[PDB]
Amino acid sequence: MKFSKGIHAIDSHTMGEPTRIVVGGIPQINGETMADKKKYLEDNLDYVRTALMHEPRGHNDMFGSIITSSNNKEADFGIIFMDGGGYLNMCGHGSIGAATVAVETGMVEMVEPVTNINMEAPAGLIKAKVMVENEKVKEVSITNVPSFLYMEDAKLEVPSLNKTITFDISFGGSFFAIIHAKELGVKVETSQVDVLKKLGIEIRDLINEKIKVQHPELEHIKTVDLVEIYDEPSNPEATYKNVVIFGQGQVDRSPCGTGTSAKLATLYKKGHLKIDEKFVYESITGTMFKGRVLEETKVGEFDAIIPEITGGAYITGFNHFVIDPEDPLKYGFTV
């Protein structure tokens, strides 16, 4: 044996889309706020990140999060998100994960009915309530950012062969792009979606050319990751079926929280029911998140809502990672 570095992680997964929750192995992250804690994980580390997210440990579509100290006084703990493509600001599919594992293990004391836990993340402080049935977690509701519709219609080039036929854009903590499948020859099944991953990611690059828009107020994103394909379900519980291409060139096995916390803008104002409804929203894997509007914050420009999205995480093993200072691929090797 050998090892140099040894990192303690809990494997989760939430409706597919895995989440590696680093619990021990880095005891303190200097930063005052979780935003600069993150910056201090960027540089300095970001190779714990690569070691864990890239092969031979991780894989293309792999994800995870570090539980750290709070510094913020409200209670609980701090988290930072991370994936094959760097560090994400907020990642529902993972706020679920973190919350589930925090209660399931002793890291927070479980209430019994529903445990409220508020984690820090480099984004705004995040609010999850954990439905627990006497013994165990059943599912988690995470309340998302004020999300909104951006500019209805719009469409660019698209190669082979149509030319043709319009799309849409909206927020959800991050931007997105909406396609009704008909755009061409997609089917969104385990069987293929090799054409989907490639014809989806190429748009992320194509737009980024223009129709650039910073969210009115604050200044980070500028433009585009986080596209989306949708059309008609296969789980009868649901409505629609869709998936999301993002970060380096991955697909989401989960319906995508930040996804559903977007385009739920269309549910109001664009017709389709109005407020405090059901929405049950499922991915390629054939597993479903529940989305609901809640408050409906108009705000001066546009019209917005503060959504509540419910998913469920299950622990998939406990990990003692160790990095061979001889292993040529000791950190992240990719494809």
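One-based numbering along the sequence shown.
Notebook entry, point to check: Which is higher on average in the deposited entry, the C-alpha temperature factors of 274-282 or of 43-51?
Noted result: Per the PDB entry, the higher value belongs to 274-282.
Note to self: Mean CA temperature factor from the deposited coordinates, higher in 137-145 or in 96-104?
What the structure shows: For C-alpha atoms only, the mean B-factor is higher in 137-145.
Next item on the list: Choose from 252, 112, 219, 109 the residue with the greatest Cα B-factor as stated in the PDB record.
Entry: Going by the entry's C-alpha B-factors, 219 comes out highest.
Next item on the list: From the list 90, 265, 79, 132, select the residue with the highest C-alpha B factor recorded in the entry.
Entry: That would be 265, according to the entry.
Item checked: CA B-factor placement of residue 68, once the chain's modelled residues are sorted into thirds -> Within its chain, residue 68 is a lowest-third residue by C-alpha B-factor, going by the deposited values.
Margin query: How does the C-alpha B factor of residue 305 compare with the rest of the chain: lowest, middle or highest third?
Written below: Ranked within chain, residue 305 CA B lands in the highest tercile.
Checklist line | Third of the chain's Cα B-factor distribution that residue 59 belongs to, per the entry | finding: Within its chain, residue 59 is a lowest-third residue by C-alpha B-factor, going by the deposited values.
Margin query: Split into thirds by Cα B-factor across the chain's modelled residues, where does residue 28 land: lowest, middle or highest?
Written below: Lowest third.
Checklist line | Relative C-alpha B-factor of residue 157, binned into the chain's lowest, middle or highest third | finding: CA B-factor rank for residue 157: highest third.
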